Amino acid sequence: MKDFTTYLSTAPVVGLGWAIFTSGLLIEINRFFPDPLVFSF
Amino acid sequence: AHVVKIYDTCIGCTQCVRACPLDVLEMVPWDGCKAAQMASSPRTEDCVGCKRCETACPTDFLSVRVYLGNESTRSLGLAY
Amino acid sequence: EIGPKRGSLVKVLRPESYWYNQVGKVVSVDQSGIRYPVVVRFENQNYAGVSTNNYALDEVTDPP
Amino acid sequence: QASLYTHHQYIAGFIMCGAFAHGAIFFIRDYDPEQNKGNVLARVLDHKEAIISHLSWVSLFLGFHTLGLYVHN
Amino acid sequence: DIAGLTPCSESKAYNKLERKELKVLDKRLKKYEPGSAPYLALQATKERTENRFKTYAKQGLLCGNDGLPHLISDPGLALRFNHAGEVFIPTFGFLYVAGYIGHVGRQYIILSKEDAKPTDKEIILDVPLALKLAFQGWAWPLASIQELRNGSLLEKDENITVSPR
Amino acid sequence: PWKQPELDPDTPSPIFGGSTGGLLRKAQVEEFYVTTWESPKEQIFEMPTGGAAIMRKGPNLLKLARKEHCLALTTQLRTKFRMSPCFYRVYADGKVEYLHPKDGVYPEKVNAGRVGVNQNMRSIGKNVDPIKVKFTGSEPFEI
Amino acid sequence: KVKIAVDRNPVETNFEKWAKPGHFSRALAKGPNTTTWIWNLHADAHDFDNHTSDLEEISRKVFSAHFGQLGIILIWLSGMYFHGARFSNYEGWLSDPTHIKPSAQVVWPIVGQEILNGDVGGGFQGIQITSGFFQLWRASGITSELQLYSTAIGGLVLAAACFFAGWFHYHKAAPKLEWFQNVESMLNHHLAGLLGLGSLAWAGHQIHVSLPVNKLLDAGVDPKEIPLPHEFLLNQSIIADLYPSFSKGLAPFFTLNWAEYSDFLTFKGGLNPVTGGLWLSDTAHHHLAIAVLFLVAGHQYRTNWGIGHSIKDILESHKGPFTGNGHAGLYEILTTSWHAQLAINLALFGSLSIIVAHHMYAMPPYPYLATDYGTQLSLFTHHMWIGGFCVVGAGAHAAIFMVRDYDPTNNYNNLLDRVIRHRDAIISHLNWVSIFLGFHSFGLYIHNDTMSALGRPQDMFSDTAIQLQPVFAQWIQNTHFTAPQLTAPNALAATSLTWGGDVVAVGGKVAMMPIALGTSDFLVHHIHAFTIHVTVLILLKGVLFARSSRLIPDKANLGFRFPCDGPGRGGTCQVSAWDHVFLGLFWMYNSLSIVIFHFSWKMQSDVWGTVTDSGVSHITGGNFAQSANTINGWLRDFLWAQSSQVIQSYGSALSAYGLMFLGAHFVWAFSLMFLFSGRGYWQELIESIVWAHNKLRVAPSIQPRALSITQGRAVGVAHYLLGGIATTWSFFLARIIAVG
Amino acid sequence: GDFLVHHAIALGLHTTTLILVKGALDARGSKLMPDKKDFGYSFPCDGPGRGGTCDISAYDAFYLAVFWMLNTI
Ligand code: CLA
Ligand code: CLA
Ligand code: CLA
Ligand code: CLA
Ligand code: CLA
Ligand SMILES: CC1=C(/C=C/C(C)=C/C=C/C(C)=C/C=C/C=C(C)/C=C/C=C(C)/C=C/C2=C(C)CCCC2(C)C)C(C)(C)CCC1
Ligand SMILES: CC1=C(C/C=C(\C)CCC[C@H](C)CCC[C@H](C)CCCC(C)C)C(=O)c2ccccc2C1=O
Ligand code: SF4
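Protein chains in written order, with our numbering: chain Z, 151 to 191; chain P, 525 to 604; chain V, 50 to 113; chain E, 36 to 108; chain Y, 15 to 179; chain W, 239 to 381; chain H, 39 to 778; chain B, 2 to 74.
If you want it as structure tokens, here you go:
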């Protein structure tokens, strides 16, 4: 597991994990909530 | 032709003369370095300015400097 | 003997050098009386690719 | 009016580029730091990296955000 | 009603744009049976359109001579009039996250530099320290201010590579 | 070297076919270069301006329109076979010049017999600004 | 002699080399000191020549690389089949191909994308596709989505099998170098085995499966009650009524009575009028004859049983006096250099892809494909560009072989050495014909533009004015039209409707109609010849001068991909063969862009259109004979007369094509930074940014460096090509979807 | 839209100013090449050494800045 998780920790996988996390977060915000323009609570 | 100058920062790895395929550079004895060698340019009129000696120079900044200008039939690399 | 201690961290004040105002490690200091006897090794390469260079006595002081 | 505006604007811009190029020519050809040591010119040359970096920052920031809203709209 | 912009609730061009969008959206509705899945998707799109037009109105938003809502950028004018939600609060909203990324990048750079061969740490990330710093960056401006006063944030230029001009 | 060698007109040349890359009208009008070496056996080399040519057991002769071709062939021979050849220059009037080491033991060595030329005892970057040498005809690096 | 030499377990299966990203290269095995280490890592990733000097390990590496690419392509094909199975209107399109546009990509309703789910008909919404998969799934008889699901799952299974095969054939059981050097066995097995077996299997599938399904499809029978192909396969009674020769039951095949098979192995020229594609019986006899031709050609070489041909003997025996040694050593080069075989295979693959595009635009081999103008245009343009890319890569890898794997020992007076010898003559004559073609094509265009601008249309090079009639092409057209009359009397009609006399039409739209060639076609064809001659000049000069040159005699020792040899000799920038390929990519781009512009304009102005009772009306006003002679006519009547739907695509189903168009404009324009500029300015700017990050202590441990000169050129050409390709793709697809 | 195009104009002026100012300040010296004053104002490059020195002169900075000037006007 150590030998594989060392590869898992390199930049291309980090280039996915942050990308998947932030992308999916923005998809769920734009999905459950409609498209707004004003931050009036 | 071009002007090739060698400064006192040279310490003599005798590799700048191998990277030059024009026999411009030569190595003279010296006393300012451990290797007791210093680059010299006797046939500086036969240089084209390809800067391969600059690629081969390991000192920072470079001991050998090649300055362009005043081009001729031999420094332009024409066989015609 | 005439230069800094071997292995000590030093600062280079050579203007035209890539390692101006940087910290390097002394690897050897020549005692034969040459132009640039203080030879130092740096952790970061230059644009050419080398990591070591030689400097004079006046270009090497201890960093604060 | 349109031709006059566009002509004099392009003339002004080319003259701007020439002004900056000839200022660079001044900086390389005839500039003595020993003659003017510690003055405004030497001090501007002293922190030139800060000036270039801040110009790069404001250019990057303007381009990033302006293209962001243009693509968004 | 600043800069000659009517509110979106009392704008004729805003309602004409809404009627035009409802007309073209209902144009595609006549080509499908009401019990179909494209009909449900078109109905949900129309509901999202109506909800967006309703929520964009009655929120202080204004528009002028186009039917498209406008944003007020000047602070104070967006504070005396109810327009701080357009750009004033998103300004601090972005800056908090922007300072979050800059702070955790700085702490990771500082932590990795005090380690043997630190160039490998940039291409070989470590997860537990990066994730710990990721969840320890909520108070980024509080860490940024204290480092600013004491010199740990900045660095004097005697150990900074400077141009040889 | 110990004595400067003069090339022999009698020496043979390697067998080769017709190559478009070769001597031009600059050989007639201006100078051209001639390379000589002595071979132990028949080996195959590649000319810097053409294809492949089988060389002759013994002395050999190559004519190159440029000195760079001559030193490229020299480096190829020295790397591939430890050959150590030498080249010359033949002018339009028949004058012969020796450019490959006049000391004879190559620029890689020193031989304690050549004088340092175009060498500055100052460091690089210690040169004066062009304003200090303006309207003088001398460059800062030429001082 | 030929055997299976395999080494078992040469490489352990572990993530040890996955842990350290830089392991293939000893220069990259130290560490990432500079930011150019990453680009060198992703650049030398698959360059197996400098990883090791052993040819056996390189052969194993490329074998499993091809296995991985095959698995990737199988995954992609399985995904396409799954998309057609799940998110598609294939069932609706089968019952109405002339009124329902194909669609196989369904977007999410997440952010405004519901407008992209266009009303393609059949109670379905989605992205209107252009690959023509529905036409292929109608040719190869496919009725329901269950069959597409089964095909997708089988493709996924075969992709997993291919990936496991790559893992096995590298890590577990790696073949030796003698296994890869069995060229005769390779050629026999990939001629008789691969090509011949696939052609025979496809002919059998067409005869037993596709022929009855396509016979029932164009007869008006709904696909719901069409019998499944296994019923046709097992039961001779059902297949006997559609084709009476099946009642004989393989009797005429062994009794040499093949004339009885003239019902479903027909020899007919033209297209099926009901569907617009080629007759499936003609394709069945075609693939059967191709299988015959590849079965007989796959038993030519000698491998283990004495009889056959030895390729070394064939090469060494063909020697002609103006060539000296004739093909003397080429067997030794092609059995030891991967790059030479890569160049040959890529060149032939690219040229054959060009033939594929031309012969699909000429004869549509799929039902309801000719009337689907978008699928035809997309197929032609796509295979056009893929063929061009393969040809440019062939030139690149030929130059790589020249730099690396070429040695002067084996070749003395052979063809390759003599091509090296007279390379200056070849380059000079190619330059002469380049200048000649460029002048009397483009100067003709400029002269026509000038005479139009000077108000003298009678002095132009047009049909109304003095003309350059393409007599040879028109004579070939007339010969091919009259070919079934005399030279091929057994053909029902002409092999294509390019030169015919009749117009076929399905659903009220023109499927394929005769094509007239005039002065404008002459001008564009000689423009194409000029452009291809220039591109081949650039590639051939880069290949020939990669080893040595009159400028740089030691270019061989400087490697293949190097930026320059310095500013010497006036500046030897872009002197490497890699930069020759870098320029040839742009010249390819210009060539294929003008070619597909000619294709789109000619087919929209003289082929594509809607048939009426009062004559045939095309998509345009038939202005190709009047506007393609001038540059301004080309511009106004092709790039401005069209693209009016791309700009007004907003708010509609094809607005994503307008977005893609403008993003392609962005990327095409963004490339010119990496093309015009250099590195020293960018390096100094990076130094200033490094100082800025140093001031407040966010200095990265890895030193930020500017991109390399070769790296910058690669980024520039990649962004330029991607932008141009996507620009033409968006414009072509939007124009052909909103109109056709 | 007038505001957006004004800020795009400001971006163009800012980027042109950035490149021209950087070329003027780096006209005599830089970390990649301190001795730029010895090579004249308009020189091609220094060679492929030190990673590559293409377009290192202040003349090259002007030449790259003319494109941005043309785009801005
Ligand atoms: C229209 C084409 C085009 C575009 C868009 C740019 C854009 C840029 N150039 Mg420029 N340039 C161009 C043509 C262009 N150039 C040409 C033809 C030349 C003549 C050679 C130059 C010469 C030139 C010089 C000399 C300099 C620039 C600089 C710049 C930057 C200015 C900073 C800025 O505006 O903020 C950013 C502007 C943007 C447009 C943002 C682009 C990035 C967006 C967000 C997309 C990013 C990718 C996206 C997130 C998707 C990710 C995946 C994807 C990567 C696959 C910017 C990156 C300056 C620079 O880099 O210094 C800081 C600089 O010194 N350029
Ligand atoms: C987190 C690390 C970090 C930090 C604190 C900074 C800080 C700075 N940079 Mg730098 N930058 C970074 C990373 C970073 N940069 C990276 C990775 C790149 C390469 C894309 C750049 C490229 C860059 C340029 C080209 C310029 C700056 C400039 C600046 C200054 C303006 C502030 C700003 O937003 O710039 C804008 C920064 C960007 C547009 C880069 C965005 C890239 C992402 C956001 C960084 C990702 C880092 C990562 C998430 C950290 C790892 C987290 C850890 C837990 C593992 C400031 C000193 C400007 C300057 O000189 O101002 C004086 C300038 O011209 N930077
Ligand atoms: C008649 C036997 C036969 C057949 C059918 C093939 C078929 C193929 N070979 Mg070839 N090959 C053969 C004998 C055969 N080989 C022999 C005898 C040798 C030794 C001289 C080689 C050495 C060889 C090399 C060195 C390479 C190939 C490659 C390929 C593939 C090229 C990809 C392509 O064109 O798309 C066609 C693609 C398909 C048809 C996809 C389906 C692929 C199926 C699963 C393969 C089934 C065929 C196989 C022979 C069945 C027996 C294998 C068994 C152990 C499971 C193709 C699948 C390339 C490769 O690596 O790909 C594997 C390659 O570079 N061949
Ligand atoms: C039969 C196919 C084939 C094969 C087996 C090879 C194999 C090889 N080639 Mg060749 N090549 C091919 C086709 C092929 N090539 C074609 C078609 C071209 C023309 C474009 C080239 C052009 C070419 C050049 C110019 C060079 C090679 C080199 C190489 C070697 C290493 C390649 C590498 O590591 O890439 C690494 C992989 C990458 C860098 C990834 C590719 C990313 C590209 C640049 C962008 C792709 C974008 C994509 C299309 C769309 C995405 C959009 C984006 C927004 C996400 C290797 C011997 C190099 C070498 O040194 O040879 C020994 C070399 O200099 N080849
Ligand atoms: C459309 C843009 C364009 C044009 C017209 C040219 C033109 C040229 N390039 Mg170039 N090229 C370009 C972009 C372009 N380039 C770009 C962007 C690149 C980078 C990838 C290249 C890469 C490249 C390479 C790699 C090569 C060329 C070559 C050529 C020449 C081909 C000459 C020929 O056969 O045509 C005929 C001539 C023309 C089309 C020029 C215009 C002639 C008009 C019609 C005027 C006719 C005569 C006129 C009346 C005389 C005026 C008299 C007046 C002075 C009074 C020519 C000088 C090749 C070369 O050197 O020639 C073999 C070559 O090898 N180019
Ligand atoms: C009265 C008035 C006002 C005010 C105004 C003002 C205050 C203005 C200003 C203005 C300004 C303030 C401007 C400026 C400009 C500038 C510029 C445009 C510059 C340029 C520069 C350059 C080009 C440089 C060059 C050089 C170099 C590069 C280096 C060295 C040398 C030299 C210097 C030459 C107001 C608005 C309130 C209102 C109305 C009225
Ligand atoms: C611009 C430019 C550079 C500078 C470009 C560099 C250093 C490359 C920058 C690559 C970036 C860092 C890749 C990643 C881009 C973004 C950070 C991605 C953003 C993604 C979002 C989701 C945040 C050169 O180095 C160069 C070299 C030779 C010829 C021309 C040029 C040239 O034109
Ligand atoms: S500009 Fe660049 S490619 Fe050209 S000779 Fe100089 S360093 Fe080489």
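All residues carry an ideal CB built from backbone N, CA and C; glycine is no exception.
To the nearest angstrom, report how far apart residue i and residue j are at their CA atoms.
i: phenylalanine 305/H; j: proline 261/H; result: 27 Å
i: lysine 58/H; j: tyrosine 157/Z; result: 7 Å
i: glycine 69/H; j: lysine 279/W; result: 46 Å
i: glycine 48/E; j: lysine 37/B; result: 27 Å
i: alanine 702/H; j: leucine 771/H; result: 14 Å
i: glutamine 173/H; j: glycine 193/H; result: 19 Å
Taking only three categories from DSSP, how would you classify residue i?
i: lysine 135/Y; result: helix
i: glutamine 219/H; result: coil
i: residue 211/Y; result: A query on residue 211/Y cannot be resolved here, the shown segment of chain Y reaching from 15 to 179 and no further.
i: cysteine 611/H; result: strand
i: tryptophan 205/H; result: helix
i: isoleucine 504/H; result: strand
i: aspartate 248/W; result: coil
i: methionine 550/H; result: strand
i: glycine 2/B; result: coil
In the DSSP assignment, what residue or residues form a beta bridge with residue i?
i: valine 61/V; result: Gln71/V, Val109/V
i: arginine 90/V; result: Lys74/V, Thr101/V
i: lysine 301/W; result: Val272/W
i: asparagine 95/V; result: Paired residues: none, contrary to the question.
i: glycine 156/H; result: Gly164/H
Comparing C-alpha positions only, which one of the options sits nearest to residue i?
i: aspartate 301/H; options: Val312/H, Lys286/H, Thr293/H; result: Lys286/H
i: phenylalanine 714/H; options: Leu21/B, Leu65/B, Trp69/B; result: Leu65/B
i: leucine 555/H; options: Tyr119/H, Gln515/H, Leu530/H, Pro265/H; result: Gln515/H
i: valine 366/W; options: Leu97/E, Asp67/E, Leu76/E, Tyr105/E; result: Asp67/E
i: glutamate 550/P; options: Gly556/P, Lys558/P, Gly536/P; result: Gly536/P
(request) Could you list the residues in the stretch 59-82 of chain E with a C-beta less than 9 Å from some C-beta on chain B, going in chain order? (result) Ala59, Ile60, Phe61, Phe62, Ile63, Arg64, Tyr66, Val79, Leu80
(request) Compile a chain-ordered list of the residues in the stretch 91-120 of chain Y whose CB is closer than 9 Å to at least one CB of chain B. (result) none
(request) Note down, in chain order, all residues in the stretch 144-174 of chain H with a beta-carbon under 8 Å from any beta-carbon belonging to chain Z. (result) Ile148, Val149, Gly150
(request) Name, going along the chain, the residues of the stretch 585-601 of chain H whose beta-carbon falls closer than 7 Å to a beta-carbon of chain P. (result) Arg588, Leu589, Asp592
(message) Any C-beta of chain B within less than 7 Å: which residues of the stretch 101-112 of chain V qualify?
(response) none
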